[PDB]
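Heads up, the thing below is written out as structure tokens.
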Ligand SMILES: Nc1cc(-c2ccc3occc3c2)ccn1
Ligand SMILES: [Cl-]
Ligand SMILES: [Cl-]
């Protein structure tokens with residue numbers, strides 16, 4: 001839609017394409033007023049994308065009118081305007097995303113120490129979104145949506161509030177990227193901020209192993225891969241779940257089991273202990289003997305992840321309590 005060298009509103013000079021989304025495109029541009037480069041998110045000229053992007057603008061502006069040390073893990077929306085019938089969101093420039101970081105490791109993962117730094121910033125971000133007057137559910141956390149602030153540094157920010165909603169302003173039943181989709185969403189249940197913490201747990205294991213924890217090809221495969229690691233979800237959750245019978249079957253004695261199709265490891269036998277290599281030199285043993293990768297370091301990480309992957313969104317660890325975990329103690 002946009003040429004390089006093109007000038008908008010005697011303010012912005014378009015340089016190049018940064019990225020394309022379902023929403024439209026992101027371009028690098030020079031702002032002559034501030035005298036800085038910015039990223040402009042250009043929404044498609046169609047009602048569906050316009051209306052959802054108007055929600056993104058509202059939630060970013062809501063976040064910006066809160067000045068607390070907790071808010072600086074969200075990309076900064078500088079302003080927005082309408083141009084040629086496209087809503088245009090102007091952000092600060094950021095660097096490459098955590099998927100690019102994994103790709104750059106040949107999908108062998110970053111160190112437990114770099115994983116910890118990401119975890120601590122993401123947990124702080126989620127604590128900010130949980131502030132009562134915000135209560136923002138990101139709904140699409142994944143490596144692609146976490147960007148480095150600076151290619152020399154390990155500071156990150158979350159981008160893409162395109163799926164996001166406040167608690168009690170849910171639109172879609174089917175949300176989150178499948179690999180990072182919470183059990184409560186797979187099961188058709190009303191969701192709250194705890195779905196982001198599920199995504200985060202998935203993301204942190206992936207950042208350290210190089211590979212997605214739960215790479216379902218569809219929702220049935222997704223839930224089966226979750227069950228391999230974490231077992232059958234508890235009956236009290238399945239009993240209240242609209243879509244339990246998409247994946248599970250209830251038995252005479254009021255118990256639940258997998259529906260099986262034609263031929264997964266038996267429920268709960270694919271141990272996070274072994275995925276992480278807690279006692280076997282880390283993922284594929286590639287961290288054997290490296291500092292900051294002892295059994296004790298690993299056990300703390302495993303414990304925090306298993307708390308983030310609680311099936312029960314009620315007892316799943318919350319951002320403040322995640323920040324107090326031993327994994328983050330020097
Ligand atoms: N909210 C939002 C923000 C971005 C965004 C914002 C700044 C950026 O700098 C480099 C890439 C990049 C992408 C993309 C999509 N949604
Ligand atoms: Cl991915
Ligand atoms: Cl979504």
Out of (1) assigned to a helix (DSSP H, G or I); (2) farther than 19 Å from residue 21 by Cβ; (3) within 16 Å of ligand 3 (Cβ to nearest atom), the odd one out for residue 173 is which?
-> (1)
Do we find that residue 117 is assigned by CATH to the domain that holds residue 201 and within 14 Å of ligand 1 (Cβ to nearest atom) in this structure?
-> no
Among the residues of the stretch 151-169, is there at least one that is more than 17 Å from residue 214 (Cβ to Cβ), part of a helix (DSSP H, G or I) and away from ligand 1 (no atom under 16 Å from the Cβ)?
-> no
Specify which of the listed residues (193, 186, 200, 204) is on the phi < 0 side of the Ramachandran plot and away from ligand 3 (no atom under 16 Å from the Cβ).
-> 204
Every residue from the stretch 134-150 that is surrounded by 15 or more Cβ atoms within 10 Å (Cβ to Cβ) and either more than 16 Å from ligand 1 (Cβ to nearest atom) or part of a loop (DSSP other than H, G, I, E, B) (or both) | 134, 135, 138, 139, 140, 141, 142, 149
Residue 103: passes all of (1) in contact with a helix residue (DSSP H, G or I) (Cβ under 9 Å, 6 or more places away or on another chain); (2) closer than 21 Å to residue 180 by Cα but (1)
Residue 184 passes all but one of (1) farther than 29 Å from residue 92 by Cα; (2) outside any helix (DSSP H, G or I); which number fails?
-> (2)
Matching residues in the stretch 94-133 (crowded, with 18+ Cβ neighbours inside 10 Å and either within 16 Å of ligand 3 (Cβ to nearest atom) or part of a loop (DSSP other than H, G, I, E, B) (or both)) number 5
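What is reported rests on the model, the rules as stated and the sources as named; no laboratory instrument gave them. Every residue, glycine among them, receives a Cβ derived from its backbone with ideal geometry; neighbour counts consider all protein chains shown.
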